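What follows is the content of protein15.cif (mmCIF, N, CA and C atoms).
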data_run
#
loop_
_atom_site.label_atom_id
_atom_site.label_comp_id
_atom_site.auth_asym_id
_atom_site.auth_seq_id
_atom_site.Cartn_x
_atom_site.Cartn_y
_atom_site.Cartn_z
N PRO G 513 0.82 -1.23 0.00
CA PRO G 513 0.00 0.00 0.00
C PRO G 513 0.84 1.27 0.00
N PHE G 514 2.01 1.22 0.63
CA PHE G 514 2.90 2.38 0.68
C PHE G 514 4.20 2.17 -0.10
N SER G 515 4.07 1.82 -1.37
CA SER G 515 5.22 1.57 -2.22
C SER G 515 6.17 2.75 -2.29
N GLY G 516 7.45 2.48 -2.03
CA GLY G 516 8.45 3.52 -2.07
C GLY G 516 8.56 4.27 -0.76
N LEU G 517 7.84 3.83 0.27
CA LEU G 517 7.91 4.53 1.54
C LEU G 517 9.25 4.36 2.24
N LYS G 518 9.94 5.48 2.41
CA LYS G 518 11.23 5.51 3.08
C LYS G 518 11.07 6.52 4.21
N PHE G 519 11.89 6.40 5.24
CA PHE G 519 11.80 7.30 6.38
C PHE G 519 13.03 8.20 6.51
N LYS G 520 12.85 9.33 7.18
CA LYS G 520 13.93 10.27 7.41
C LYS G 520 14.74 9.78 8.59
N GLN G 521 15.98 9.39 8.32
CA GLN G 521 16.88 8.88 9.34
C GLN G 521 16.94 9.79 10.56
N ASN G 522 16.85 9.19 11.74
CA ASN G 522 16.93 9.92 13.01
C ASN G 522 15.92 11.04 13.23
N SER G 523 14.83 11.03 12.49
CA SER G 523 13.83 12.08 12.62
C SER G 523 13.23 12.20 14.01
N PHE G 524 13.40 11.16 14.81
CA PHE G 524 12.84 11.08 16.16
C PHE G 524 13.80 11.40 17.28
N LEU G 525 15.09 11.52 16.97
CA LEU G 525 16.07 11.74 18.04
C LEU G 525 15.80 12.89 18.99
N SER G 526 15.50 14.07 18.44
CA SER G 526 15.26 15.25 19.27
C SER G 526 13.96 15.17 20.07
N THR G 527 13.19 14.11 19.85
CA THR G 527 11.92 13.93 20.55
C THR G 527 12.02 12.92 21.68
N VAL G 528 13.13 12.20 21.75
CA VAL G 528 13.30 11.22 22.81
C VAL G 528 13.59 11.97 24.10
N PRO G 529 12.77 11.75 25.13
CA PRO G 529 13.01 12.45 26.40
C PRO G 529 14.21 11.93 27.17
N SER G 530 14.77 12.78 28.02
CA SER G 530 15.89 12.36 28.86
C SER G 530 15.30 11.49 29.96
N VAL G 531 16.13 10.69 30.62
CA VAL G 531 15.64 9.85 31.71
C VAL G 531 15.09 10.75 32.80
N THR G 532 15.71 11.91 32.99
CA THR G 532 15.24 12.85 34.01
C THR G 532 13.81 13.29 33.69
N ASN G 533 13.56 13.63 32.42
CA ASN G 533 12.22 14.04 32.00
C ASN G 533 11.24 12.89 32.27
N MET G 534 11.67 11.65 31.97
CA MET G 534 10.80 10.50 32.17
C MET G 534 10.36 10.33 33.62
N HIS G 535 11.19 10.80 34.54
CA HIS G 535 10.89 10.69 35.96
C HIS G 535 9.98 11.80 36.49
N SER G 536 9.70 12.82 35.68
CA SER G 536 8.85 13.93 36.14
C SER G 536 7.43 13.49 36.49
N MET G 537 6.85 14.09 37.53
CA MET G 537 5.50 13.74 37.92
C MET G 537 4.51 14.17 36.84
N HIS G 538 4.94 15.08 35.97
CA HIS G 538 4.06 15.58 34.91
C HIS G 538 4.28 14.89 33.57
N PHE G 539 5.16 13.90 33.55
CA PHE G 539 5.46 13.16 32.32
C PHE G 539 4.35 12.15 31.99
N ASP G 540 3.85 12.18 30.75
CA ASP G 540 2.82 11.24 30.31
C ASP G 540 3.57 10.25 29.41
N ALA G 541 3.88 9.08 29.93
CA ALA G 541 4.65 8.09 29.17
C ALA G 541 4.00 7.64 27.87
N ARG G 542 2.71 7.32 27.93
CA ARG G 542 2.02 6.83 26.75
C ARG G 542 1.99 7.85 25.63
N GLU G 543 1.50 9.06 25.91
CA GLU G 543 1.41 10.08 24.86
C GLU G 543 2.78 10.47 24.32
N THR G 544 3.75 10.61 25.22
CA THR G 544 5.09 10.97 24.77
C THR G 544 5.70 9.88 23.88
N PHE G 545 5.59 8.63 24.31
CA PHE G 545 6.13 7.54 23.50
C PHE G 545 5.48 7.50 22.12
N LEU G 546 4.15 7.62 22.06
CA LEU G 546 3.47 7.59 20.76
C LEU G 546 3.94 8.76 19.90
N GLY G 547 4.27 9.88 20.55
CA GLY G 547 4.76 11.04 19.83
C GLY G 547 6.14 10.76 19.24
N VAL G 548 6.97 10.02 19.98
CA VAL G 548 8.31 9.64 19.47
C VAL G 548 8.12 8.77 18.22
N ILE G 549 7.19 7.82 18.30
CA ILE G 549 6.95 6.94 17.17
C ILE G 549 6.38 7.71 15.99
N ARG G 550 5.49 8.66 16.25
CA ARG G 550 4.96 9.44 15.15
C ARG G 550 6.10 10.16 14.42
N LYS G 551 6.99 10.78 15.17
CA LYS G 551 8.13 11.48 14.57
C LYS G 551 9.04 10.52 13.79
N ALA G 552 9.20 9.31 14.31
CA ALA G 552 10.03 8.31 13.64
C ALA G 552 9.43 7.88 12.30
N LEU G 553 8.12 8.04 12.16
CA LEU G 553 7.42 7.65 10.95
C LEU G 553 7.34 8.76 9.90
N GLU G 554 8.19 9.77 10.05
CA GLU G 554 8.22 10.88 9.09
C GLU G 554 8.79 10.39 7.77
N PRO G 555 8.02 10.50 6.68
CA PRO G 555 8.49 10.06 5.37
C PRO G 555 9.68 10.85 4.86
N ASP G 556 10.58 10.14 4.20
CA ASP G 556 11.76 10.71 3.58
C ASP G 556 11.21 11.48 2.38
N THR G 557 11.84 12.60 2.03
CA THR G 557 11.38 13.43 0.91
C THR G 557 11.35 12.72 -0.44
N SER G 558 12.14 11.66 -0.58
CA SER G 558 12.20 10.90 -1.83
C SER G 558 10.94 10.07 -2.03
N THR G 559 10.12 9.99 -0.99
CA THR G 559 8.87 9.23 -1.05
C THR G 559 7.90 9.87 -2.04
N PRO G 560 7.37 9.08 -2.99
CA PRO G 560 6.43 9.63 -3.97
C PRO G 560 5.34 10.42 -3.25
N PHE G 561 5.03 11.61 -3.77
CA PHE G 561 4.03 12.48 -3.17
C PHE G 561 2.71 11.85 -2.72
N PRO G 562 2.07 11.05 -3.59
CA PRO G 562 0.81 10.42 -3.22
C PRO G 562 0.95 9.54 -1.98
N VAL G 563 2.09 8.87 -1.89
CA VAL G 563 2.38 7.98 -0.78
C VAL G 563 2.62 8.81 0.49
N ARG G 564 3.41 9.87 0.36
CA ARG G 564 3.70 10.73 1.51
C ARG G 564 2.42 11.29 2.11
N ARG G 565 1.56 11.82 1.24
CA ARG G 565 0.30 12.41 1.67
C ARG G 565 -0.59 11.40 2.39
N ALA G 566 -0.75 10.22 1.82
CA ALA G 566 -1.59 9.20 2.45
C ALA G 566 -1.00 8.72 3.77
N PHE G 567 0.31 8.46 3.81
CA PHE G 567 0.92 8.00 5.05
C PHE G 567 0.89 9.07 6.14
N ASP G 568 1.13 10.33 5.77
CA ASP G 568 1.07 11.38 6.78
C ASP G 568 -0.33 11.41 7.40
N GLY G 569 -1.36 11.23 6.57
CA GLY G 569 -2.72 11.24 7.09
C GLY G 569 -2.94 10.10 8.07
N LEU G 570 -2.42 8.93 7.74
CA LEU G 570 -2.57 7.76 8.60
C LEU G 570 -1.84 7.90 9.94
N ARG G 571 -0.57 8.30 9.91
CA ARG G 571 0.15 8.43 11.17
C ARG G 571 -0.45 9.54 12.04
N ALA G 572 -0.96 10.61 11.43
CA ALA G 572 -1.58 11.69 12.21
C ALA G 572 -2.88 11.24 12.86
N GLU G 573 -3.69 10.46 12.14
CA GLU G 573 -4.95 10.00 12.72
C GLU G 573 -4.76 8.97 13.82
N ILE G 574 -3.80 8.05 13.65
CA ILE G 574 -3.58 7.02 14.67
C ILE G 574 -2.71 7.49 15.83
N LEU G 575 -1.88 8.50 15.58
CA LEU G 575 -0.98 9.02 16.62
C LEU G 575 -1.11 10.54 16.75
N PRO G 576 -2.33 11.02 17.04
CA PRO G 576 -2.49 12.48 17.17
C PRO G 576 -1.62 13.09 18.26
N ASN G 577 -1.12 14.29 18.00
CA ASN G 577 -0.28 14.98 18.99
C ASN G 577 -1.18 15.59 20.07
N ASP G 578 -2.34 16.08 19.65
CA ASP G 578 -3.28 16.67 20.58
C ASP G 578 -3.75 15.58 21.56
N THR G 579 -3.59 15.82 22.86
CA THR G 579 -3.96 14.82 23.84
C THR G 579 -5.45 14.58 23.98
N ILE G 580 -6.26 15.58 23.65
CA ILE G 580 -7.70 15.38 23.72
C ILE G 580 -8.07 14.41 22.58
N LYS G 581 -7.48 14.61 21.41
CA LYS G 581 -7.74 13.72 20.27
C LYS G 581 -7.20 12.33 20.55
N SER G 582 -6.03 12.27 21.17
CA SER G 582 -5.42 10.98 21.51
C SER G 582 -6.33 10.23 22.48
N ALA G 583 -6.87 10.94 23.47
CA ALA G 583 -7.75 10.30 24.44
C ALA G 583 -9.05 9.82 23.79
N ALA G 584 -9.55 10.60 22.84
CA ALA G 584 -10.78 10.25 22.15
C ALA G 584 -10.58 8.99 21.32
N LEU G 585 -9.40 8.85 20.71
CA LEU G 585 -9.10 7.67 19.92
C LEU G 585 -8.99 6.46 20.84
N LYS G 586 -8.34 6.64 21.98
CA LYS G 586 -8.17 5.57 22.95
C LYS G 586 -9.54 5.03 23.39
N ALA G 587 -10.47 5.93 23.64
CA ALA G 587 -11.82 5.55 24.07
C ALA G 587 -12.52 4.73 22.99
N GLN G 588 -12.42 5.18 21.74
CA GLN G 588 -13.03 4.45 20.64
C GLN G 588 -12.46 3.05 20.51
N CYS G 589 -11.14 2.96 20.60
CA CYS G 589 -10.46 1.68 20.46
C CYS G 589 -10.73 0.68 21.59
N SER G 590 -11.36 1.12 22.67
CA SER G 590 -11.68 0.19 23.76
C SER G 590 -12.75 -0.80 23.27
N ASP G 591 -13.42 -0.45 22.18
CA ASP G 591 -14.43 -1.32 21.56
C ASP G 591 -14.09 -1.28 20.08
N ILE G 592 -12.86 -1.69 19.78
CA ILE G 592 -12.33 -1.67 18.43
C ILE G 592 -13.15 -2.44 17.38
N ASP G 593 -13.85 -3.49 17.79
CA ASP G 593 -14.64 -4.25 16.81
C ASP G 593 -15.78 -3.42 16.23
N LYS G 594 -16.10 -2.32 16.91
CA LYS G 594 -17.15 -1.39 16.49
C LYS G 594 -16.59 -0.37 15.49
N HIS G 595 -15.28 -0.41 15.27
CA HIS G 595 -14.63 0.54 14.36
C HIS G 595 -13.72 -0.13 13.35
N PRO G 596 -14.31 -0.74 12.32
CA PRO G 596 -13.56 -1.43 11.27
C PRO G 596 -12.49 -0.55 10.60
N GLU G 597 -12.81 0.72 10.37
CA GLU G 597 -11.88 1.63 9.73
C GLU G 597 -10.64 1.89 10.59
N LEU G 598 -10.85 2.07 11.89
CA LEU G 598 -9.71 2.30 12.78
C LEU G 598 -8.89 1.02 12.89
N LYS G 599 -9.58 -0.12 12.94
CA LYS G 599 -8.88 -1.39 13.05
C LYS G 599 -8.01 -1.60 11.82
N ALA G 600 -8.56 -1.36 10.64
CA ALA G 600 -7.78 -1.52 9.42
C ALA G 600 -6.56 -0.58 9.43
N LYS G 601 -6.77 0.66 9.86
CA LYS G 601 -5.68 1.64 9.90
C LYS G 601 -4.59 1.24 10.88
N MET G 602 -4.99 0.77 12.06
CA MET G 602 -4.00 0.35 13.05
C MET G 602 -3.17 -0.82 12.53
N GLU G 603 -3.84 -1.82 11.96
CA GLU G 603 -3.12 -2.97 11.44
C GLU G 603 -2.17 -2.56 10.31
N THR G 604 -2.59 -1.61 9.49
CA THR G 604 -1.74 -1.16 8.39
C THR G 604 -0.50 -0.45 8.94
N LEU G 605 -0.70 0.41 9.93
CA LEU G 605 0.41 1.15 10.53
C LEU G 605 1.35 0.21 11.27
N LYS G 606 0.79 -0.76 11.99
CA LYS G 606 1.60 -1.72 12.71
C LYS G 606 2.53 -2.46 11.73
N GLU G 607 1.99 -2.82 10.57
CA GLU G 607 2.76 -3.53 9.55
C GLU G 607 3.91 -2.65 9.07
N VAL G 608 3.64 -1.37 8.86
CA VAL G 608 4.70 -0.45 8.42
C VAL G 608 5.78 -0.39 9.50
N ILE G 609 5.35 -0.32 10.75
CA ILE G 609 6.30 -0.25 11.86
C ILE G 609 7.22 -1.47 11.92
N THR G 610 6.70 -2.66 11.60
CA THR G 610 7.53 -3.87 11.68
C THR G 610 8.69 -3.86 10.70
N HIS G 611 8.64 -2.97 9.71
CA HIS G 611 9.70 -2.91 8.71
C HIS G 611 10.51 -1.63 8.81
N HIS G 612 10.31 -0.87 9.88
CA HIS G 612 11.04 0.38 10.04
C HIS G 612 12.53 0.10 10.07
N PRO G 613 13.32 0.87 9.30
CA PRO G 613 14.77 0.66 9.26
C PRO G 613 15.47 0.84 10.60
N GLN G 614 14.91 1.68 11.47
CA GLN G 614 15.49 1.88 12.79
C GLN G 614 14.63 1.24 13.89
N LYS G 615 13.91 0.18 13.53
CA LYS G 615 13.07 -0.52 14.50
C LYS G 615 13.86 -0.95 15.75
N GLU G 616 15.08 -1.45 15.57
CA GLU G 616 15.88 -1.89 16.71
C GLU G 616 16.04 -0.78 17.74
N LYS G 617 16.40 0.40 17.27
CA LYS G 617 16.59 1.54 18.17
C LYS G 617 15.27 1.95 18.81
N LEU G 618 14.19 1.95 18.04
CA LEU G 618 12.88 2.35 18.57
C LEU G 618 12.44 1.36 19.65
N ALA G 619 12.75 0.08 19.47
CA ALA G 619 12.39 -0.91 20.48
C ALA G 619 13.22 -0.69 21.75
N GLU G 620 14.50 -0.33 21.61
CA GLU G 620 15.32 -0.07 22.80
C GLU G 620 14.74 1.12 23.55
N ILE G 621 14.28 2.12 22.81
CA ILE G 621 13.71 3.31 23.44
C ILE G 621 12.41 2.91 24.16
N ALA G 622 11.61 2.06 23.53
CA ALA G 622 10.37 1.61 24.15
C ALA G 622 10.70 0.90 25.47
N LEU G 623 11.79 0.13 25.48
CA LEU G 623 12.17 -0.56 26.71
C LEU G 623 12.68 0.42 27.77
N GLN G 624 13.25 1.53 27.33
CA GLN G 624 13.72 2.54 28.27
C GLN G 624 12.50 3.21 28.92
N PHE G 625 11.48 3.50 28.11
CA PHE G 625 10.25 4.12 28.63
C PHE G 625 9.62 3.14 29.61
N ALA G 626 9.74 1.85 29.30
CA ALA G 626 9.18 0.82 30.15
C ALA G 626 9.83 0.80 31.53
N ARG G 627 11.16 0.83 31.55
CA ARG G 627 11.91 0.79 32.80
C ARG G 627 11.88 2.07 33.61
N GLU G 628 11.91 3.21 32.93
CA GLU G 628 11.95 4.49 33.62
C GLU G 628 10.62 5.20 33.84
N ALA G 629 9.60 4.84 33.07
CA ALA G 629 8.32 5.53 33.16
C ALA G 629 7.07 4.66 33.17
N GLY G 630 7.25 3.35 33.36
CA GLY G 630 6.12 2.44 33.44
C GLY G 630 5.26 2.28 32.21
N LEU G 631 5.84 2.51 31.03
CA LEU G 631 5.08 2.41 29.79
C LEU G 631 4.31 1.09 29.61
N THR G 632 4.92 -0.01 30.02
CA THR G 632 4.31 -1.33 29.84
C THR G 632 3.76 -1.96 31.12
N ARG G 633 3.55 -1.15 32.14
CA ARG G 633 3.08 -1.68 33.42
C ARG G 633 1.75 -2.40 33.40
N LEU G 634 0.91 -2.12 32.41
CA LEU G 634 -0.39 -2.78 32.36
C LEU G 634 -0.33 -4.11 31.62
N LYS G 635 0.86 -4.46 31.17
CA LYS G 635 1.09 -5.72 30.47
C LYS G 635 0.04 -6.00 29.39
N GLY G 636 -0.59 -7.17 29.43
CA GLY G 636 -1.58 -7.48 28.42
C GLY G 636 -2.82 -6.59 28.41
N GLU G 637 -3.02 -5.83 29.47
CA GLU G 637 -4.17 -4.94 29.55
C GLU G 637 -3.84 -3.56 28.98
N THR G 638 -2.65 -3.44 28.41
CA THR G 638 -2.23 -2.19 27.79
C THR G 638 -3.24 -1.90 26.67
N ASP G 639 -3.63 -0.64 26.50
CA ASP G 639 -4.62 -0.30 25.48
C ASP G 639 -4.24 -0.73 24.06
N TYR G 640 -5.27 -0.85 23.23
CA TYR G 640 -5.15 -1.30 21.85
C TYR G 640 -4.09 -0.59 21.01
N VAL G 641 -4.17 0.73 20.92
CA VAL G 641 -3.20 1.44 20.09
C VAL G 641 -1.77 1.24 20.58
N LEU G 642 -1.52 1.47 21.87
CA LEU G 642 -0.15 1.30 22.36
C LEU G 642 0.34 -0.14 22.21
N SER G 643 -0.55 -1.11 22.45
CA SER G 643 -0.17 -2.51 22.29
C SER G 643 0.23 -2.84 20.86
N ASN G 644 -0.52 -2.31 19.88
CA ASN G 644 -0.19 -2.60 18.50
C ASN G 644 1.12 -1.95 18.08
N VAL G 645 1.39 -0.76 18.60
CA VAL G 645 2.66 -0.09 18.28
C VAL G 645 3.80 -0.91 18.89
N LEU G 646 3.66 -1.31 20.16
CA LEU G 646 4.72 -2.09 20.80
C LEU G 646 4.93 -3.44 20.12
N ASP G 647 3.84 -4.09 19.68
CA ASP G 647 3.98 -5.38 18.99
C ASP G 647 4.65 -5.15 17.63
N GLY G 648 4.43 -3.98 17.04
CA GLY G 648 5.07 -3.67 15.77
C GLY G 648 6.58 -3.61 15.96
N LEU G 649 7.03 -3.09 17.09
CA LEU G 649 8.47 -2.97 17.37
C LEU G 649 9.11 -4.23 17.93
N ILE G 650 8.35 -4.94 18.76
CA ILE G 650 8.81 -6.16 19.43
C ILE G 650 7.82 -7.26 19.06
N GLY G 651 8.07 -7.87 17.91
CA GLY G 651 7.21 -8.91 17.36
C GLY G 651 6.69 -10.04 18.23
N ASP G 652 7.48 -10.51 19.18
CA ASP G 652 7.01 -11.61 20.02
C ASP G 652 6.09 -11.16 21.16
N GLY G 653 5.81 -9.86 21.21
CA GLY G 653 4.96 -9.32 22.25
C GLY G 653 5.45 -9.55 23.67
N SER G 654 6.71 -9.96 23.81
CA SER G 654 7.29 -10.24 25.11
C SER G 654 7.32 -9.07 26.09
N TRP G 655 7.11 -7.86 25.60
CA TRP G 655 7.11 -6.69 26.48
C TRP G 655 6.01 -6.81 27.54
N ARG G 656 5.03 -7.68 27.29
CA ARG G 656 3.92 -7.89 28.22
C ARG G 656 4.40 -8.67 29.45
N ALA G 657 5.23 -9.68 29.21
CA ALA G 657 5.76 -10.52 30.28
C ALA G 657 7.25 -10.27 30.47
#

Encoded form (structure tokens):
Amino acid sequence: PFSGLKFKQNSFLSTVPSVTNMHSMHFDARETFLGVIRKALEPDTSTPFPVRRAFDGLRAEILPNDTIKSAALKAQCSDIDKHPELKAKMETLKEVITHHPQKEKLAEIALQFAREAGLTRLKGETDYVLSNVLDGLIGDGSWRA
């Protein structure tokens, strides 16, 4: 579906929080982590225009920066079977994530968020969107156990 999709190397680096930031009482691990992944999914300029436009729309809808929108999506996904369109979009994005050229680094960052900010503390009860992103990075889903 996204033929020719390439990503901008290190596009997410400046968005990765410091361990100190992760320890802040005001730090939102889930929203921040999804924001890091959204930045990592920035298309490389060599990506054909039609593809760039469609992919930007998908990553923005599934990983909104606005927290009110993010919360609204989370609520909808609690009954994901009622939203075929969102389900299709999540599965499509998860598939793209499994082939990310810097997936290894993104998974290490996810594990850092896990250890320093409790990102994966809900284990298998982790919400739909975050679970699919984490499974995209760590295929065996072992982050749950």

>> At a cut-off of 8 Å, using only N, CA and C atoms, what residues contact residue 546 in chain G? Leave out same-chain residues fewer than 5 positions from it and give the result as a ChimeraX atom specification.
In response: /G:540-541,551-552,574-577,642

>> Report, in Å to a single decimal, how far apart atom N of residue 535 in chain G and CA of residue 617 in chain G are.
In response: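 One can read the CA of residue 617 in chain G to atom N of residue 535 in chain G distance as 19.6 Å.
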
>> Ranking G:515, G:604, G:588, G:527 by minimum distance to residue 560 in chain G and counting all atoms listed in the file, which one comes first?
In response: G:515

> Taking into account all atoms listed in the file, which residue in the set G:561, G:641, G:648, G:518 is nearest to residue 585 in chain G?
Replying inline: G:641

>> Just the number, please: distance in Å from atom C of residue 555 in chain G to atom C of residue 533 in chain G, one decimal.
In response: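 Separating atom C of residue 555 in chain G from atom C of residue 533 in chain G is a distance of 27.5 Å.
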
> Which neighbours of residue 610 in chain G fall inside 7 Å, counting all atoms listed in the file, when residues of the same chain fewer than 5 positions from it are skipped, and could you give them as JSON, numbers by chain?
Replying inline: {"G": [605, 615, 647, 648, 649]}

>> Restricting the calculation to all atoms listed in the file: of G:569, G:644, G:618, G:602, which residue gets closest to residue 549 in chain G?
In response: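 Checking each candidate against residue 549 in chain G, we get G:618 as the closest.
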
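Comparing the minimum interatomic distances between residue 625 in chain G and each of G:608, G:545, G:646, G:598, counting only N, CA and C atoms, we find that G:545 sits nearest.
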
> Restricting the calculation to only N, CA and C atoms, which member of G:524, G:623, G:581, G:643 is positioned closest to residue 547 in chain G?
Replying inline: G:524

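Rounded to one decimal, CA of residue 570 in chain G and atom N of residue 601 in chain G lie 8.3 Å from each other.
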
Can you give me, as a short mmCIF file (atom, residue, chain, number, x, y, z; two decimals) with N, CA and C atoms, in the coordinates of the input, the residues this file yields under the PyMOL selection byres ((chain G and resi 523) around 8)?
data_model
loop_
_atom_site.label_atom_id
_atom_site.label_comp_id
_atom_site.auth_asym_id
_atom_site.auth_seq_id
_atom_site.Cartn_x
_atom_site.Cartn_y
_atom_site.Cartn_z
N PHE G 519 11.89 6.40 5.24
CA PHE G 519 11.80 7.30 6.38
C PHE G 519 13.03 8.20 6.51
N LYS G 520 12.85 9.33 7.18
CA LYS G 520 13.93 10.27 7.41
C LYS G 520 14.74 9.78 8.59
N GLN G 521 15.98 9.39 8.32
CA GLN G 521 16.88 8.88 9.34
C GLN G 521 16.94 9.79 10.56
N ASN G 522 16.85 9.19 11.74
CA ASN G 522 16.93 9.92 13.01
C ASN G 522 15.92 11.04 13.23
N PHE G 524 13.40 11.16 14.81
CA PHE G 524 12.84 11.08 16.16
C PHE G 524 13.80 11.40 17.28
N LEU G 525 15.09 11.52 16.97
CA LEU G 525 16.07 11.74 18.04
C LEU G 525 15.80 12.89 18.99
N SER G 526 15.50 14.07 18.44
CA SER G 526 15.26 15.25 19.27
C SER G 526 13.96 15.17 20.07
N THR G 527 13.19 14.11 19.85
CA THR G 527 11.92 13.93 20.55
C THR G 527 12.02 12.92 21.68
N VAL G 528 13.13 12.20 21.75
CA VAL G 528 13.30 11.22 22.81
C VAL G 528 13.59 11.97 24.10
N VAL G 548 6.97 10.02 19.98
CA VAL G 548 8.31 9.64 19.47
C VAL G 548 8.12 8.77 18.22
N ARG G 550 5.49 8.66 16.25
CA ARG G 550 4.96 9.44 15.15
C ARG G 550 6.10 10.16 14.42
N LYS G 551 6.99 10.78 15.17
CA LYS G 551 8.13 11.48 14.57
C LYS G 551 9.04 10.52 13.79
N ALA G 552 9.20 9.31 14.31
CA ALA G 552 10.03 8.31 13.64
C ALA G 552 9.43 7.88 12.30
N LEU G 553 8.12 8.04 12.16
CA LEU G 553 7.42 7.65 10.95
C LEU G 553 7.34 8.76 9.90
N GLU G 554 8.19 9.77 10.05
CA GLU G 554 8.22 10.88 9.09
C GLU G 554 8.79 10.39 7.77
#

Rebuild N, CA, C and O atoms on range 537-551 of chain G, as a short mmCIF file (atom, residue, chain, number, x, y, z; two decimals), keeping the file's coordinate frame?
data_model
loop_
_atom_site.label_atom_id
_atom_site.label_comp_id
_atom_site.auth_asym_id
_atom_site.auth_seq_id
_atom_site.Cartn_x
_atom_site.Cartn_y
_atom_site.Cartn_z
N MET G 537 6.85 14.09 37.53
CA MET G 537 5.50 13.74 37.92
C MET G 537 4.51 14.17 36.84
O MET G 537 3.38 13.69 36.80
N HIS G 538 4.94 15.08 35.97
CA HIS G 538 4.06 15.58 34.91
C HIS G 538 4.28 14.89 33.57
O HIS G 538 3.65 15.23 32.57
N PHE G 539 5.16 13.90 33.55
CA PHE G 539 5.46 13.16 32.32
C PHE G 539 4.35 12.15 31.99
O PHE G 539 3.96 11.35 32.83
N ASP G 540 3.85 12.18 30.75
CA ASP G 540 2.82 11.24 30.31
C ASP G 540 3.57 10.25 29.41
O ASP G 540 3.87 10.57 28.25
N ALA G 541 3.88 9.08 29.93
CA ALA G 541 4.65 8.09 29.17
C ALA G 541 4.00 7.64 27.87
O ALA G 541 4.64 7.58 26.82
N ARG G 542 2.71 7.32 27.93
CA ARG G 542 2.02 6.83 26.75
C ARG G 542 1.99 7.85 25.63
O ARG G 542 2.42 7.55 24.51
N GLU G 543 1.50 9.06 25.91
CA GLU G 543 1.41 10.08 24.86
C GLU G 543 2.78 10.47 24.32
O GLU G 543 2.95 10.67 23.12
N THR G 544 3.75 10.61 25.22
CA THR G 544 5.09 10.97 24.77
C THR G 544 5.70 9.88 23.88
O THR G 544 6.26 10.16 22.83
N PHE G 545 5.59 8.63 24.31
CA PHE G 545 6.13 7.54 23.50
C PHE G 545 5.48 7.50 22.12
O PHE G 545 6.17 7.33 21.10
N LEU G 546 4.15 7.62 22.06
CA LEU G 546 3.47 7.59 20.76
C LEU G 546 3.94 8.76 19.90
O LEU G 546 4.01 8.66 18.67
N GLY G 547 4.27 9.88 20.55
CA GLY G 547 4.76 11.04 19.83
C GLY G 547 6.14 10.76 19.24
O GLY G 547 6.45 11.21 18.13
N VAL G 548 6.97 10.02 19.98
CA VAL G 548 8.31 9.64 19.47
C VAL G 548 8.12 8.77 18.22
O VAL G 548 8.78 8.96 17.21
N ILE G 549 7.19 7.82 18.30
CA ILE G 549 6.95 6.94 17.17
C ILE G 549 6.38 7.71 15.99
O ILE G 549 6.76 7.47 14.85
N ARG G 550 5.49 8.66 16.25
CA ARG G 550 4.96 9.44 15.15
C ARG G 550 6.10 10.16 14.42
O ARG G 550 6.16 10.16 13.18
N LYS G 551 6.99 10.78 15.17
CA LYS G 551 8.13 11.48 14.57
C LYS G 551 9.04 10.52 13.79
O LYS G 551 9.59 10.88 12.75
#
